[PDB]
Amino acid sequence: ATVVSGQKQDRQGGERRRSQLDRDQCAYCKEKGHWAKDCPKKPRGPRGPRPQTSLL
RNA sequence: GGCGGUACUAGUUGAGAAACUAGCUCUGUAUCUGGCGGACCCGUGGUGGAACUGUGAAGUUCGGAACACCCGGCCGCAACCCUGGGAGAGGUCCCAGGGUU
Ligand SMILES: [Zn+2]
């Protein structure tokens, strides 16, 4: 056949870290003990307090 | 907890407002990159072979494999982006594909 495909191009370099994330660390608060999916910061309803006004 | 703006409160300085510091109020804030489940398909991917020999390590024989738990991809999902097309009084739209999580 000859002539089908070819290039052979070098391209490397993928060194990146996640704040030295640990298998026992949190990727949210950076706290060690729980996981991000278990971060106590994870907000969620219902809502806390409730506003209310009258004549103003 | 920390800081900034606000006012006030205290202390100091000062004649002076004002300056500074501290206290604090409110106000506001700032982070899920390792993705999570699902099924159970593929790779012996990872790790602990089993007994036996032996003071000890190490081996040996067995099987030459098995199992188990995890593992990756993989699928379902949402997020982000690359890519394109065409018209539109200037970058609007709509929609599909992939990768990664
Ligand atoms: Zn956390």
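Would you pick out the residues in region A:11-23 that are loosely packed, with under 10 Cβ neighbours inside 10 Å and in contact with a strand residue (DSSP E or B) (Cβ under 9 Å, 6 or more places away or on another chain)? Please lay out each step first, then the result.
Filtering region A:11-23 for residues loosely packed, with under 10 Cβ neighbours inside 10 Å gives A:11-20, A:23.
A:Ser19 - this is the single residue of region A:11-23 that is loosely packed, with under 10 Cβ neighbours inside 10 Å and in contact with a strand residue (DSSP E or B) (Cβ under 9 Å, 6 or more places away or on another chain).
Taking the residues in region A:30-56 that are surrounded by fewer than 10 Cβ atoms within 10 Å (Cβ to Cβ) and hydrophobic (A, V, I, L, M, F, W, C) as candidates, determine which candidate is nearest to RNA strand B (Cβ to nearest atom).
Among them, the one singled out is A:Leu56.
Consider A:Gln7 carefully, then state whether it is surrounded by 10 or more Cβ atoms within 10 Å (Cβ to Cβ) and polar (S, T, N, Q).
no
So A:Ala27 passes all but one of these: (1) of a type in the set (A, V, I, L, M, F, W, C); (2) out of contact with any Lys or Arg (no Cβ under 7 Å at 6 or more places or on another chain); (3) within 6 Å of RNA strand B (Cβ to nearest atom). Which condition number does it fail?
Answer for A:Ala27: the failing condition is (2).
In region A:4-56, how many residues are within 12 Å of the ligand (Cβ to nearest atom), assigned to a loop (DSSP other than H, G, I, E, B) and among the aliphatic types (A, V, I, L, M)?
Final tally of qualifying residues: 2.
Every residue, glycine as well, gets a Cβ built from its backbone with ideal geometry; the counts of neighbours run over all protein chains shown. Throughout, read-outs are computed from the coordinates displayed, never taken from laboratory work.
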